[PDB]
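Peer 1: Before anything else, here's the structure in question.
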């Protein structure tokens, strides 16, 4: 994940890895 | 070439624990999540969780959280999943996998799966019973009460290959049972011999059962 | 949006903390 | 939490036909994946992020959808596309899959060949009594079976098993086994296996009497 473009679901993977069970948002 | 290699088939008793391994190669192990999935049957796929091998930080599906623990050994490029309190409901194939490569990847990667059978049974050889009728005639072979899977059923040692159906096993009284049918012209049976051959490699079984007319 | 930003350029995991609930 | 519902759970097509499978989400999904799987094989990625073609998969496949409705399409069916197809949302966690859509091959209707077999003397000597009924080489897959003991229906002790679509003639086959104790079996005389299939308004009845 480090020093990578995060396109599509890759961003969702990254947000889960950072926010865990707190949830996260990325749209709209 | 990216590959994920999983540990071999496993059979354990209820309540026991199990650690399944997933070995990765062909890429920087530390850069990608390893995902774990369970396939209970041909119409079910479930995500168990994911682990970040850089630091071992895991994310769990709450349904599997209580009984699943994900770890990583970066020095061996290997991921592990531990299952506790196992019950028959946990019997399944378990997959590890890795997402497509960042930016412009178009191919993900899956391991070959590890089969888990959670049962209290002991290795048991099958009972082989002939199915005889009460132009083309259908005969059968009943393989009952064996364990574990699999069994291999043939007819006349392989010379009767066409016109035979061997059906998937079913769990009966905590053992396995299947049947096989073979269809041959009436001018060949019982004027000539028809025999089903059943092999149970686990118990080193190789039984032959002749189909005879019942009078 | 963050979707476009993190695909076109590099977002650090540090920055993503601002999108946690 | 996000529930995916794929319909139809079962559909048939012949080479040359256009196939569309749908995946309905219980809530908004931003990225939908699609996988193919045949018996004995790992799930094979077809579509990533809703509409992107995975590597090594033919250009007859296409993914689409938005919000809560998504689709996978095969512009022209080929025989080797017979398989089950799963949708998977990668929008919110936990990641979830649909129950899959079984895509089977079409062929002419075929009536089952029904054969009933009494328990072998060997098994009776052992203490058990299994009555076996074979329903072979029929199509379509939908078939109903009824066991009757002395003209009376019976449901308990029946175990059914189905083969996968034959790779040569595309038919299906089924086995039905009625397991009674030796005592119950010897208490009755007539045993019947009745198969109901769309290829006939009358069921195919096979039976025997212990003698």
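Peer 1: Where both partners of a DSSP beta bridge lie in chain B, what percent of those bridges are antiparallel, to the nearest 5? Write out the running numbers ahead of the final one.
Peer 2: Details: 68 of 71 bridges.
Here the share of antiparallel DSSP bridges comes out near 95 percent.
Peer 1: Run through every distinct alpha carbon pair of chain B and return the Kirkwood hydrodynamic radius in angstroms, one decimal place.
Peer 2: After inverting the pairwise mean of 1/r, the radius is 20.2 Å.
Peer 1: Averaged across the residues of B:40-49, what count of C-beta atoms belonging to other chains lies within 10 Å of each residue's C-beta?
Peer 2: Values: counts 0, 0, 7, 11, 5, 12, 4, 7, 2, 3.
Averaged over the peptide's residues, the number is 5.
Peer 1: If you don't mind, another one. Can you give the % of DSSP beta bridges in the protein assembly as shown that are antiparallel, to the nearest 5? Walk me through the numbers on the way to the answer.
Peer 2: Numbers: 137 of 144 bridges.
Just about 95 percent of them are antiparallel.
Peer 1: OK, next. Relative contact order for the stretch D:1-74 using alpha-carbon pairs under 8 Å, separation at least 6, rounded to a whole percent? Could you put the intermediate results ahead of the total?
Peer 2: Details: 133 pairs, mean separation 22.2, N = 74.
30 percent.
Peer 1: Could you list D:184, B:192 so that the one with the fewest beta carbons within 10 Å of its beta carbon is first and the one with the most is last?
Peer 2: Ranking D:184, B:192 by Cβ neighbours within 10 Å, fewest first, gives B:192, D:184.
Peer 1: Which order do the peptides D:119-126, D:171-178 take when ranked by the mean count of other beta-carbon atoms within 10 Å per residue, highest first?
Peer 2: Numbers: D:119-126: 17.0, D:171-178: 22.9.
Highest mean packing first, the order is D:171-178, D:119-126.
Peer 1: Please say if the protein assembly as shown is rounded, prolate or oblate, where rounded means a/c under 1.5 for a ≥ b ≥ c the square roots of the C-alpha gyration tensor eigenvalues, and otherwise the choice is prolate for a/b larger than b/c and oblate otherwise? Display every interim value, and only then the final one.
Peer 2: Details: a/c = 2.57, a/b = 1.91, b/c = 1.34.
Note, shape of the protein assembly as shown comes out prolate.
Peer 1: In addition: In peptide B:52-61, how many Cβ atoms from other protein chains are near each Cβ within 10 Å, on average? The partial results should precede the final answer.
Peer 2: Working: counts 6, 0, 3, 1, 0, 3, 2, 9, 4, 4.
The per-residue average across the peptide is 3.
Peer 1: With a ≥ b ≥ c the root eigenvalues of the C-alpha gyration tensor of the stretch D:4-105, is it rounded (a/c under 1.5), prolate (a/b larger than b/c) or oblate?
Peer 2: Details: a/c = 1.60, a/b = 1.56, b/c = 1.03.
Prolate is the answer for the stretch D:4-105, as a/c is 1.5 or above and a/b outweighs b/c.
Peer 1: Give the dimensionless ratio obtained when the Cα radius of gyration of chain D is divided by 2.2 N^0.38 Å. Provide the component values of the computation, followed by the final result.
Peer 2: Working: Rg = 22.3 Å, N = 211, 2.2 N^0.38 = 16.8 Å.
The reported ratio for this selection is 1.33.
Peer 1: Also: Under the definition of Cα pairs under 8 Å and six or more residues apart, what whole-number percent is the relative contact order of the stretch B:3-118?
Peer 2: Working: 271 pairs, mean separation 40.9, N = 116.
Contact order relative to length: 35 percent.
Peer 1: Moving to a separate point now. So for the stretch D:129-211, averaging the separation of alpha carbon pairs under 8 Å that are six or more residues apart and normalising by length, what relative contact order in percent results? Don't skip to the end; give the middle numbers.
Peer 2: Numbers: 146 pairs, mean separation 30.4, N = 83.
Over the stretch D:129-211, the number comes to 37 percent.
Peer 1: Relative to a virtual label point 7 Å from the Cα of residue D:124 in the Cα→beta-carbon direction, which members of the stretch B:199-215 show backbone nitrogen distances below 13 Å?
Peer 2: The answer is B:214-215, whose backbone nitrogens lie closer than 13 Å to the label point.
Peer 1: Shielding by partners for B:108-117, please: the mean number of other protein chain Cβ atoms within 10 Å of each residue's Cβ.
Peer 2: Numbers: counts 8, 2, 6, 1, 2, 4, 0, 0, 0, 0.
For peptide B:108-117, the averaged partner shielding equals 2.
Peer 1: Give me B:73, B:215, B:90 sorted ascending by neighbouring Cβ count inside 10 Å, so fewest comes first. Intermediate results must be reported in sequence, preceding the final value.
Peer 2: Values: B:73 14, B:215 3, B:90 20.
Ordered by Cβ neighbours within 10 Å, fewest first: B:215, B:73, B:90.
Here the Cβ is made from the backbone with ideal geometry for all residues, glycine too, and neighbour counts use every protein chain on show. The numbers here are math on the coordinates, done by the rules we state, and not lab data.
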